[PDB]
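Asks: Structure in structure tokens, see below.
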2 protein chains.
Amino acid sequence: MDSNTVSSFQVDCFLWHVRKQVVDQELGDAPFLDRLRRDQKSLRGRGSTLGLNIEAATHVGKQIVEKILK
Amino acid sequence: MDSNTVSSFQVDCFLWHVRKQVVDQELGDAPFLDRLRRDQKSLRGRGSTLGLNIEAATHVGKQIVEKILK
């Protein structure tokens, strides 16, 4: 497992969480919702394959993105 | 143009900008880079179709996401 495969997954988990909040705020259109559903399935499969816990990865992804937004 | 189609595009523009910064920080793997390239093409087409300026939309997307991260 390369370091970058791990950081890529972490980021994608956190961005998925942000997109889910946009949908819970009723700001997403139909195709945005469809991408959210498809990506959740994809992320779970990648998480299974890598053996990475999704909640843990989501939290590291948040830290990576906060570092970047600074 | 529905309100939600606009907020969905704004969010997607800003998240694309975040993903681009992850790649500039050398944190992305090959498939992460491939999704970045594919999505840039898709976003430009959606921006053209809607008549929305991508830089403007990116900045509103940032505000939407900051509201959510609070």
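Identifiers for the structure tokens are assigned positionally: chains receive A, B, ... in sequence, residues are indexed from 1 per chain, and ligands are indexed from 1 in the order shown.
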Neighbouring residues of residue 9 of chain B were defined as those with any atom within 8 Å, considering only C-alpha atoms; residues of the same chain fewer than 4 positions away were excluded. Please report them as a PyMOL selection string.

Replies: chain B and resi 5+13+43+46-47+57+61

Asks: For N, CA, C and O atoms, I'd like the residues from the last selection saved as a compact mmCIF listing (two decimals), in the first residue's frame.

Replies:
# COMPACT_ATOMS: atom_id res chain seq x y z
N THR B 5 -29.51 23.19 -8.58
CA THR B 5 -28.54 22.87 -9.63
C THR B 5 -27.38 23.85 -9.48
O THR B 5 -26.23 23.44 -9.57
N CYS B 13 -17.45 22.67 -7.86
CA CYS B 13 -16.33 23.48 -8.30
C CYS B 13 -15.33 23.65 -7.14
O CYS B 13 -14.11 23.53 -7.36
N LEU B 43 -16.87 19.41 -15.41
CA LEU B 43 -17.24 20.66 -14.74
C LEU B 43 -17.29 21.81 -15.74
O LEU B 43 -18.16 22.69 -15.71
N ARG B 46 -20.45 21.51 -17.72
CA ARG B 46 -21.62 21.89 -16.92
C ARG B 46 -21.67 23.41 -16.76
O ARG B 46 -22.74 24.03 -16.91
N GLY B 47 -20.48 23.99 -16.61
CA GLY B 47 -20.36 25.44 -16.46
C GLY B 47 -20.80 26.14 -17.77
O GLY B 47 -21.50 27.15 -17.72
N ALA B 57 -18.21 30.61 -9.18
CA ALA B 57 -18.90 29.47 -8.59
C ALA B 57 -17.99 28.83 -7.53
O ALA B 57 -18.48 28.45 -6.49
N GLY B 61 -18.90 28.24 -3.72
CA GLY B 61 -18.82 26.88 -3.12
C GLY B 61 -18.04 26.84 -1.81
O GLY B 61 -18.34 26.08 -0.87

Asks: Return chain A as a PDB file with N, CA and C atoms, in the first residue's frame, after superposing it on chain B by a least-squares fit that covers all C-alpha atoms paired in order.

Replies:
ATOM      1  N   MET A   1     -33.409  27.052 -14.581  1.00  0.00           N
ATOM      2  CA  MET A   1     -32.314  26.588 -13.679  1.00  0.00           C
ATOM      3  C   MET A   1     -32.783  26.562 -12.227  1.00  0.00           C
ATOM      4  N   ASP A   2     -32.838  25.382 -11.619  1.00  0.00           N
ATOM      5  CA  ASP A   2     -33.264  25.292 -10.223  1.00  0.00           C
ATOM      6  C   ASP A   2     -32.172  25.812  -9.305  1.00  0.00           C
ATOM      7  N   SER A   3     -32.599  26.308  -8.137  1.00  0.00           N
ATOM      8  CA  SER A   3     -31.627  26.760  -7.148  1.00  0.00           C
ATOM      9  C   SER A   3     -30.618  25.672  -6.802  1.00  0.00           C
ATOM     10  N   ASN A   4     -31.094  24.434  -6.622  1.00  0.00           N
ATOM     11  CA  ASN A   4     -30.209  23.347  -6.242  1.00  0.00           C
ATOM     12  C   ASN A   4     -29.202  22.969  -7.298  1.00  0.00           C
ATOM     13  N   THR A   5     -29.506  23.190  -8.579  1.00  0.00           N
ATOM     14  CA  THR A   5     -28.537  22.867  -9.629  1.00  0.00           C
ATOM     15  C   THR A   5     -27.375  23.846  -9.477  1.00  0.00           C
ATOM     16  N   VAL A   6     -27.654  25.103  -9.143  1.00  0.00           N
ATOM     17  CA  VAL A   6     -26.627  26.092  -8.941  1.00  0.00           C
ATOM     18  C   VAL A   6     -25.785  25.753  -7.707  1.00  0.00           C
ATOM     19  N   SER A   7     -26.422  25.434  -6.573  1.00  0.00           N
ATOM     20  CA  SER A   7     -25.580  25.178  -5.376  1.00  0.00           C
ATOM     21  C   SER A   7     -24.785  23.893  -5.575  1.00  0.00           C
ATOM     22  N   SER A   8     -25.362  22.938  -6.298  1.00  0.00           N
ATOM     23  CA  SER A   8     -24.615  21.686  -6.530  1.00  0.00           C
ATOM     24  C   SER A   8     -23.347  21.960  -7.351  1.00  0.00           C
ATOM     25  N   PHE A   9     -23.480  22.799  -8.365  1.00  0.00           N
ATOM     26  CA  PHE A   9     -22.329  23.138  -9.210  1.00  0.00           C
ATOM     27  C   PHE A   9     -21.302  23.897  -8.403  1.00  0.00           C
ATOM     28  N   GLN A  10     -21.741  24.850  -7.564  1.00  0.00           N
ATOM     29  CA  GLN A  10     -20.787  25.633  -6.794  1.00  0.00           C
ATOM     30  C   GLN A  10     -19.943  24.742  -5.874  1.00  0.00           C
ATOM     31  N   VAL A  11     -20.639  23.852  -5.200  1.00  0.00           N
ATOM     32  CA  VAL A  11     -19.965  22.924  -4.273  1.00  0.00           C
ATOM     33  C   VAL A  11     -18.971  22.090  -5.064  1.00  0.00           C
ATOM     34  N   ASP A  12     -19.383  21.487  -6.177  1.00  0.00           N
ATOM     35  CA  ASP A  12     -18.528  20.620  -6.978  1.00  0.00           C
ATOM     36  C   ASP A  12     -17.318  21.383  -7.514  1.00  0.00           C
ATOM     37  N   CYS A  13     -17.455  22.670  -7.859  1.00  0.00           N
ATOM     38  CA  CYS A  13     -16.332  23.477  -8.304  1.00  0.00           C
ATOM     39  C   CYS A  13     -15.329  23.653  -7.143  1.00  0.00           C
ATOM     40  N   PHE A  14     -15.871  23.953  -5.964  1.00  0.00           N
ATOM     41  CA  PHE A  14     -14.942  24.169  -4.841  1.00  0.00           C
ATOM     42  C   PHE A  14     -14.265  22.845  -4.451  1.00  0.00           C
ATOM     43  N   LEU A  15     -15.046  21.759  -4.398  1.00  0.00           N
ATOM     44  CA  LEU A  15     -14.369  20.475  -4.039  1.00  0.00           C
ATOM     45  C   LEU A  15     -13.336  20.064  -5.046  1.00  0.00           C
ATOM     46  N   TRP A  16     -13.597  20.349  -6.347  1.00  0.00           N
ATOM     47  CA  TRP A  16     -12.562  20.111  -7.360  1.00  0.00           C
ATOM     48  C   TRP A  16     -11.301  20.916  -7.046  1.00  0.00           C
ATOM     49  N   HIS A  17     -11.413  22.174  -6.660  1.00  0.00           N
ATOM     50  CA  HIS A  17     -10.263  23.012  -6.287  1.00  0.00           C
ATOM     51  C   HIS A  17      -9.516  22.388  -5.113  1.00  0.00           C
ATOM     52  N   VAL A  18     -10.252  21.845  -4.138  1.00  0.00           N
ATOM     53  CA  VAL A  18      -9.544  21.203  -3.001  1.00  0.00           C
ATOM     54  C   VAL A  18      -8.751  20.001  -3.479  1.00  0.00           C
ATOM     55  N   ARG A  19      -9.399  19.194  -4.366  1.00  0.00           N
ATOM     56  CA  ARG A  19      -8.712  17.989  -4.863  1.00  0.00           C
ATOM     57  C   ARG A  19      -7.455  18.353  -5.644  1.00  0.00           C
ATOM     58  N   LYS A  20      -7.514  19.434  -6.422  1.00  0.00           N
ATOM     59  CA  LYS A  20      -6.360  19.945  -7.173  1.00  0.00           C
ATOM     60  C   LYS A  20      -5.224  20.338  -6.246  1.00  0.00           C
ATOM     61  N   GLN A  21      -5.526  20.967  -5.106  1.00  0.00           N
ATOM     62  CA  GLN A  21      -4.498  21.283  -4.145  1.00  0.00           C
ATOM     63  C   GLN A  21      -3.882  20.014  -3.540  1.00  0.00           C
ATOM     64  N   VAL A  22      -4.684  18.961  -3.336  1.00  0.00           N
ATOM     65  CA  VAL A  22      -4.154  17.707  -2.782  1.00  0.00           C
ATOM     66  C   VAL A  22      -3.134  17.174  -3.772  1.00  0.00           C
ATOM     67  N   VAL A  23      -3.460  17.170  -5.075  1.00  0.00           N
ATOM     68  CA  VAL A  23      -2.534  16.734  -6.104  1.00  0.00           C
ATOM     69  C   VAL A  23      -1.301  17.621  -6.164  1.00  0.00           C
ATOM     70  N   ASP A  24      -1.375  18.932  -6.019  1.00  0.00           N
ATOM     71  CA  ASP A  24      -0.220  19.810  -6.036  1.00  0.00           C
ATOM     72  C   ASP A  24       0.655  19.575  -4.815  1.00  0.00           C
ATOM     73  N   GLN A  25       0.117  18.995  -3.737  1.00  0.00           N
ATOM     74  CA  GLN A  25       0.873  18.656  -2.570  1.00  0.00           C
ATOM     75  C   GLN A  25       1.473  17.256  -2.677  1.00  0.00           C
ATOM     76  N   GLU A  26       1.332  16.614  -3.831  1.00  0.00           N
ATOM     77  CA  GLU A  26       1.855  15.290  -4.121  1.00  0.00           C
ATOM     78  C   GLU A  26       1.241  14.242  -3.206  1.00  0.00           C
ATOM     79  N   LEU A  27      -0.036  14.372  -2.910  1.00  0.00           N
ATOM     80  CA  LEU A  27      -0.722  13.414  -2.044  1.00  0.00           C
ATOM     81  C   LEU A  27      -1.701  12.522  -2.816  1.00  0.00           C
ATOM     82  N   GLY A  28      -1.816  12.686  -4.117  1.00  0.00           N
ATOM     83  CA  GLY A  28      -2.787  11.895  -4.875  1.00  0.00           C
ATOM     84  C   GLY A  28      -2.162  10.688  -5.574  1.00  0.00           C
ATOM     85  N   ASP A  29      -2.917   9.602  -5.667  1.00  0.00           N
ATOM     86  CA  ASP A  29      -2.408   8.434  -6.392  1.00  0.00           C
ATOM     87  C   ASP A  29      -2.884   8.500  -7.828  1.00  0.00           C
ATOM     88  N   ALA A  30      -2.573   7.510  -8.661  1.00  0.00           N
ATOM     89  CA  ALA A  30      -2.930   7.598 -10.092  1.00  0.00           C
ATOM     90  C   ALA A  30      -4.418   7.716 -10.354  1.00  0.00           C
ATOM     91  N   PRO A  31      -5.239   6.868  -9.749  1.00  0.00           N
ATOM     92  CA  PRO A  31      -6.684   6.916  -9.940  1.00  0.00           C
ATOM     93  C   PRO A  31      -7.255   8.207  -9.385  1.00  0.00           C
ATOM     94  N   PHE A  32      -6.670   8.790  -8.336  1.00  0.00           N
ATOM     95  CA  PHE A  32      -7.144  10.094  -7.834  1.00  0.00           C
ATOM     96  C   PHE A  32      -6.888  11.182  -8.875  1.00  0.00           C
ATOM     97  N   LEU A  33      -5.714  11.100  -9.520  1.00  0.00           N
ATOM     98  CA  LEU A  33      -5.380  12.051 -10.578  1.00  0.00           C
ATOM     99  C   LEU A  33      -6.306  11.888 -11.783  1.00  0.00           C
ATOM    100  N   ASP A  34      -6.587  10.631 -12.148  1.00  0.00           N
ATOM    101  CA  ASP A  34      -7.509  10.382 -13.262  1.00  0.00           C
ATOM    102  C   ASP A  34      -8.910  10.938 -13.018  1.00  0.00           C
ATOM    103  N   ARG A  35      -9.442  10.785 -11.810  1.00  0.00           N
ATOM    104  CA  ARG A  35     -10.742  11.386 -11.462  1.00  0.00           C
ATOM    105  C   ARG A  35     -10.649  12.919 -11.516  1.00  0.00           C
ATOM    106  N   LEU A  36      -9.533  13.487 -11.099  1.00  0.00           N
ATOM    107  CA  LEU A  36      -9.377  14.956 -11.170  1.00  0.00           C
ATOM    108  C   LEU A  36      -9.448  15.435 -12.618  1.00  0.00           C
ATOM    109  N   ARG A  37      -8.740  14.734 -13.513  1.00  0.00           N
ATOM    110  CA  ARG A  37      -8.757  15.121 -14.933  1.00  0.00           C
ATOM    111  C   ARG A  37     -10.145  14.964 -15.553  1.00  0.00           C
ATOM    112  N   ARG A  38     -10.811  13.836 -15.321  1.00  0.00           N
ATOM    113  CA  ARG A  38     -12.138  13.599 -15.878  1.00  0.00           C
ATOM    114  C   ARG A  38     -13.135  14.630 -15.377  1.00  0.00           C
ATOM    115  N   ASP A  39     -13.103  14.876 -14.067  1.00  0.00           N
ATOM    116  CA  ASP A  39     -14.042  15.835 -13.471  1.00  0.00           C
ATOM    117  C   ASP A  39     -13.800  17.261 -13.950  1.00  0.00           C
ATOM    118  N   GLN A  40     -12.554  17.630 -14.250  1.00  0.00           N
ATOM    119  CA  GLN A  40     -12.332  19.012 -14.714  1.00  0.00           C
ATOM    120  C   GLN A  40     -13.081  19.182 -16.048  1.00  0.00           C
ATOM    121  N   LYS A  41     -12.980  18.168 -16.927  1.00  0.00           N
ATOM    122  CA  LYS A  41     -13.659  18.265 -18.230  1.00  0.00           C
ATOM    123  C   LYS A  41     -15.168  18.368 -18.069  1.00  0.00           C
ATOM    124  N   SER A  42     -15.718  17.569 -17.150  1.00  0.00           N
ATOM    125  CA  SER A  42     -17.150  17.518 -16.867  1.00  0.00           C
ATOM    126  C   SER A  42     -17.684  18.831 -16.301  1.00  0.00           C
ATOM    127  N   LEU A  43     -16.869  19.411 -15.412  1.00  0.00           N
ATOM    128  CA  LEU A  43     -17.242  20.658 -14.743  1.00  0.00           C
ATOM    129  C   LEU A  43     -17.286  21.810 -15.743  1.00  0.00           C
ATOM    130  N   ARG A  44     -16.305  21.839 -16.649  1.00  0.00           N
ATOM    131  CA  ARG A  44     -16.265  22.881 -17.686  1.00  0.00           C
ATOM    132  C   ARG A  44     -17.473  22.779 -18.609  1.00  0.00           C
ATOM    133  N   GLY A  45     -17.864  21.557 -18.943  1.00  0.00           N
ATOM    134  CA  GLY A  45     -19.065  21.369 -19.754  1.00  0.00           C
ATOM    135  C   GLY A  45     -20.318  21.803 -19.013  1.00  0.00           C
ATOM    136  N   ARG A  46     -20.446  21.507 -17.719  1.00  0.00           N
ATOM    137  CA  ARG A  46     -21.619  21.888 -16.924  1.00  0.00           C
ATOM    138  C   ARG A  46     -21.669  23.410 -16.765  1.00  0.00           C
ATOM    139  N   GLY A  47     -20.483  23.985 -16.613  1.00  0.00           N
ATOM    140  CA  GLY A  47     -20.355  25.445 -16.460  1.00  0.00           C
ATOM    141  C   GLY A  47     -20.796  26.143 -17.768  1.00  0.00           C
ATOM    142  N   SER A  48     -20.395  25.597 -18.897  1.00  0.00           N
ATOM    143  CA  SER A  48     -20.774  26.109 -20.193  1.00  0.00           C
ATOM    144  C   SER A  48     -22.269  26.037 -20.417  1.00  0.00           C
ATOM    145  N   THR A  49     -22.868  24.894 -20.150  1.00  0.00           N
ATOM    146  CA  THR A  49     -24.285  24.632 -20.265  1.00  0.00           C
ATOM    147  C   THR A  49     -25.114  25.563 -19.380  1.00  0.00           C
ATOM    148  N   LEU A  50     -24.714  25.733 -18.129  1.00  0.00           N
ATOM    149  CA  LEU A  50     -25.455  26.604 -17.208  1.00  0.00           C
ATOM    150  C   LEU A  50     -25.189  28.093 -17.433  1.00  0.00           C
ATOM    151  N   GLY A  51     -24.098  28.469 -18.076  1.00  0.00           N
ATOM    152  CA  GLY A  51     -23.663  29.836 -18.267  1.00  0.00           C
ATOM    153  C   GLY A  51     -23.092  30.433 -16.962  1.00  0.00           C
ATOM    154  N   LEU A  52     -22.513  29.606 -16.096  1.00  0.00           N
ATOM    155  CA  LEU A  52     -21.955  30.041 -14.832  1.00  0.00           C
ATOM    156  C   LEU A  52     -20.441  30.161 -14.900  1.00  0.00           C
ATOM    157  N   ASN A  53     -19.856  31.252 -14.432  1.00  0.00           N
ATOM    158  CA  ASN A  53     -18.420  31.476 -14.448  1.00  0.00           C
ATOM    159  C   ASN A  53     -17.760  30.538 -13.429  1.00  0.00           C
ATOM    160  N   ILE A  54     -16.745  29.761 -13.830  1.00  0.00           N
ATOM    161  CA  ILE A  54     -16.274  28.751 -12.846  1.00  0.00           C
ATOM    162  C   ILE A  54     -15.577  29.377 -11.662  1.00  0.00           C
ATOM    163  N   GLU A  55     -14.812  30.456 -11.827  1.00  0.00           N
ATOM    164  CA  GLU A  55     -14.109  31.044 -10.674  1.00  0.00           C
ATOM    165  C   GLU A  55     -15.056  31.636  -9.647  1.00  0.00           C
ATOM    166  N   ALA A  56     -16.140  32.255 -10.105  1.00  0.00           N
ATOM    167  CA  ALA A  56     -17.162  32.796  -9.256  1.00  0.00           C
ATOM    168  C   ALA A  56     -17.863  31.681  -8.463  1.00  0.00           C
ATOM    169  N   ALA A  57     -18.215  30.612  -9.177  1.00  0.00           N
ATOM    170  CA  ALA A  57     -18.899  29.471  -8.588  1.00  0.00           C
ATOM    171  C   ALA A  57     -17.989  28.829  -7.534  1.00  0.00           C
ATOM    172  N   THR A  58     -16.705  28.726  -7.818  1.00  0.00           N
ATOM    173  CA  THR A  58     -15.759  28.115  -6.859  1.00  0.00           C
ATOM    174  C   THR A  58     -15.779  28.862  -5.532  1.00  0.00           C
ATOM    175  N   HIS A  59     -15.781  30.191  -5.565  1.00  0.00           N
ATOM    176  CA  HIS A  59     -15.812  31.049  -4.409  1.00  0.00           C
ATOM    177  C   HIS A  59     -17.120  30.923  -3.664  1.00  0.00           C
ATOM    178  N   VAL A  60     -18.260  30.779  -4.338  1.00  0.00           N
ATOM    179  CA  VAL A  60     -19.494  30.587  -3.588  1.00  0.00           C
ATOM    180  C   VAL A  60     -19.457  29.199  -2.955  1.00  0.00           C
ATOM    181  N   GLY A  61     -18.901  28.236  -3.716  1.00  0.00           N
ATOM    182  CA  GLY A  61     -18.825  26.881  -3.121  1.00  0.00           C
ATOM    183  C   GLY A  61     -18.035  26.842  -1.812  1.00  0.00           C
ATOM    184  N   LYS A  62     -16.937  27.583  -1.769  1.00  0.00           N
ATOM    185  CA  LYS A  62     -16.154  27.732  -0.546  1.00  0.00           C
ATOM    186  C   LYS A  62     -17.005  28.229   0.601  1.00  0.00           C
ATOM    187  N   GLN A  63     -17.812  29.274   0.363  1.00  0.00           N
ATOM    188  CA  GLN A  63     -18.709  29.778   1.401  1.00  0.00           C
ATOM    189  C   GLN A  63     -19.721  28.753   1.862  1.00  0.00           C
ATOM    190  N   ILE A  64     -20.299  27.971   0.938  1.00  0.00           N
ATOM    191  CA  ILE A  64     -21.273  26.952   1.313  1.00  0.00           C
ATOM    192  C   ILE A  64     -20.613  25.938   2.221  1.00  0.00           C
ATOM    193  N   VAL A  65     -19.398  25.503   1.835  1.00  0.00           N
ATOM    194  CA  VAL A  65     -18.719  24.464   2.621  1.00  0.00           C
ATOM    195  C   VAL A  65     -18.242  25.003   3.972  1.00  0.00           C
ATOM    196  N   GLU A  66     -17.783  26.241   4.010  1.00  0.00           N
ATOM    197  CA  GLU A  66     -17.400  26.834   5.314  1.00  0.00           C
ATOM    198  C   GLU A  66     -18.589  26.884   6.245  1.00  0.00           C
ATOM    199  N   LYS A  67     -19.780  27.230   5.752  1.00  0.00           N
ATOM    200  CA  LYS A  67     -20.976  27.234   6.568  1.00  0.00           C
ATOM    201  C   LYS A  67     -21.238  25.854   7.162  1.00  0.00           C
ATOM    202  N   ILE A  68     -21.019  24.817   6.349  1.00  0.00           N
ATOM    203  CA  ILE A  68     -21.228  23.446   6.784  1.00  0.00           C
ATOM    204  C   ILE A  68     -20.191  22.965   7.754  1.00  0.00           C
ATOM    205  N   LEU A  69     -18.920  23.266   7.615  1.00  0.00           N
ATOM    206  CA  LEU A  69     -17.835  22.891   8.494  1.00  0.00           C
ATOM    207  C   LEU A  69     -17.884  23.570   9.869  1.00  0.00           C
ATOM    208  N   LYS A  70     -18.762  24.542  10.063  1.00  0.00           N
ATOM    209  CA  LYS A  70     -18.923  25.267  11.318  1.00  0.00           C
ATOM    210  C   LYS A  70     -19.707  24.506  12.375  1.00  0.00           C
TER     211      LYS A  70
END

Asks: DSSP on the backbone: what in chain A comes out helix (DSSP H, G or I), as an MDAnalysis selection string?

Replies: chainID A and resid 3:24 30:50 54:69
